[PDB]
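Per-entry structural report
Residues per chain are reported as follows:
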Amino acid sequence: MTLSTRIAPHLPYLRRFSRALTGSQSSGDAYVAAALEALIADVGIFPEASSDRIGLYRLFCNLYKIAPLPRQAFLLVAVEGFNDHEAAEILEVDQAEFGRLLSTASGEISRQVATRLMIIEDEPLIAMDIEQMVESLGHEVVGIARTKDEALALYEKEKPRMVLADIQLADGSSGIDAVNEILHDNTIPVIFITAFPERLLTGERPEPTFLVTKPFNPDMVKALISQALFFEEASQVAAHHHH
Ligand SMILES: [Ca+2]
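In this document, every chain is numbered from 1 following its sequence as written, which may not correspond to the numbering used in the entry; residues for which no coordinates exist are not shown. Side-chain measures were taken over the full set of non-hydrogen atoms in the model, leaving aside hydrogen atoms and water. Residues with missing side-chain atoms are left out of burial classes, side-chain pairs and their counts.

The record lists X-ray crystallography as the method behind this PDB entry and 2.05 Å as its resolution.

The protein chain is annotated in the PDB entry as Response regulator receiver from Brucella melitensis biovar Abortus. The record lists its title as "Crystal structure of the response regulator PhyR from Brucella abortus". UniProt positions are given in the numbering used here, feature names are shortened, and annotations may be inferred rather than shown by experiment. According to its UniProt record, the protein chain has this under Subcellular location (unreviewed entry): "Cytoplasm".

Encoded structure:
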């Protein structure tokens, strides 16, 4: 198999990482597309790594030099599924320096501004596991919506600051379409939940910025909430800066 076919299976997850790192689907996808066009132009730039996946993420991180280095470290382990040694190789740091980078991250990521959030999830055990993780971080669950109709009603009554939404509901209907109705009147951070993340990581049409895989490591949820609030704060500061 050639480099194109060696790396092609790893592109969806690299977009997930890129979007979590930049805070938008447009910047996330564009940084992946740029690294991909750089590789096609000169195959020799591909780093020599332990695996094709590590080499792809290493090339991305070297081209990218965007959230800070401890946030990159935590994302690689908590969201991306790399062990500490693979992530240190991706970041081009010694295992010892990565451990300190991860501690600086763990402190930042574990300290989140208390937020009121709505959960759109029909599976009771999944709904409770998200609730328990969110509460452990100091957040407040305003309620759990199981359908699109309950979600719009819960959004109007409680006005949550953030939404954690499953892709498919009790009814065949889309959780994305349900969320898109809220996003019109008010722009709030949203973290999507799906059993099939690759379907939403093509970079070929409008897709989620933040994507949790179900079932999830609770650290994946913790990390993505932290990023969403990190960019929400930067966005709010910049939007009211001239006032
Ligand atoms: Ca203002």
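From this point, things continue past the structure.
1. So, the coordination of the calcium ion
The protein atoms that coordinate the calcium ion are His-240 (ND1) and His-243 (ND1), at distances of 2.4 Å. Burial classes follow relative accessibility: with a 1.4 Å probe on protein chains only, a residue under 20% of its type's maximum area counts as buried, one over 50% as exposed, and anything between as partly exposed. Among the residues examined, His-243 registers a relative accessible area of 78% and is labelled exposed. Sites may look incomplete because water is not among the atoms; the donors themselves are N, O and S atoms within 2.8 Å of the metal, or within 3.2 Å for Na, K and Ca.

2. Points about the packing of helix α3 (residues 25-41) against helix α4 (residues 52-64)
Contact pair α3 / α4: the axes reach a minimum separation of 10 Å and the direction vectors enclose 105°. If you check the angle between α3 and α4, you find them roughly perpendicular. Side by side, α3 and α4 meet where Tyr-31, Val-32, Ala-35, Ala-38 and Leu-39 of the first sit next to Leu-59, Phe-60 and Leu-63 of the second. Under this grouping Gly is polar, as are all residues other than the nonpolar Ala, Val, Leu, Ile, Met, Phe, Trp, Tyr, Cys and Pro and the charged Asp, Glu, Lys and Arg. Split by residue class, the contact of α3 with α4 holds eight nonpolar, no polar and no charged. To obtain an axis, a line is fitted to C-alpha atoms, over the contacting stretch when the element is a helix, and the angle between two such axes runs from 0 to 180 degrees between their N-to-C directions. Strands here are runs of E lasting at least two residues and helices are runs of H or I lasting at least four, both read from the DSSP assignment and numbered beginning at the N terminus. For classification purposes, an angle smaller than 35 degrees is called roughly parallel, one larger than 145 roughly antiparallel, one from 65 to 115 roughly perpendicular, and anything else oblique. Should any heavy atoms of two residues lie within 4.5 Å, those residues are considered in contact.

3. Overview of the sheet that holds strand β4 (residues 190-194)
In this analysis, strands are considered paired if DSSP registers two or more bridges between them. The five strands lie next to each other as β2-β1-β3-β4-β5, forming an open sheet whose pairing is parallel. Of all strands in the sheet, those with a lone pairing partner are β2 (140-145) and β5 (210-213), marking the two edges. Pairwise comparison of adjacent strand axes, ignoring direction, gives a mean angle of 20° for this sheet. Where strand β1 (residues 116-120) and strand β3 (residues 162-166) come together, four bridges link them in parallel fashion. Note on β3: the bridge partner recorded for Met-118 is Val-163. Packed on one face of the sheet, helix α8 (residues 124-136) meets β1, β2, β3 and β4 and runs near 170° to β2.

4. Focus on the pattern of salt bridges
Think of a salt bridge as a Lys or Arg side-chain nitrogen and an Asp or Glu carboxyl oxygen that are within 4 Å of each other. Scanning all chains against the criterion turns up 13 salt bridges. Here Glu-80 and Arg-53 are joined by a salt bridge, their closest N and O atoms 3.4 Å apart. Of the two residues, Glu-80 and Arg-53, both sit in the buried class. Across the pair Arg-116 and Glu-140 runs a salt bridge whose closest N-O atoms are separated by 3.8 Å. You can see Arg-116 sitting in strand β1 and its partner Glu-140 sitting in strand β2, a full 24 residues away along the chain. Take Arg-116: its relative accessible area is 29%, and that puts it in the partly exposed class. The class for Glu-140 is partly exposed, based on a relative accessible area of 42%. Each of the salt bridges in this network shares a partner with another, and the network as a whole consists of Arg-16, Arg-53 and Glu-80.

5. Regarding the domain arrangement of the protein chain
Bear in mind that the domain bounds are from an automatic or database domain assignment. Domain boundaries in the protein chain define domain 1 (1-113) and domain 2 (114-243). Each partner contributes to the interface: domain 1 provides 23 residues, whereas domain 2 provides 30 residues. Broken down by secondary-structure element, the contributors of at least two residues to the side of domain 1 that touches domain 2 are α2 (11-22), α3, α5 (69-79) and α7 (95-110). Broken down by element, the side of domain 1 that touches domain 2 gets its largest block of residues, eight residues, from α2. Considered class by class, the residues forming the side of domain 1 that touches domain 2 number 12 nonpolar, six polar and five charged.

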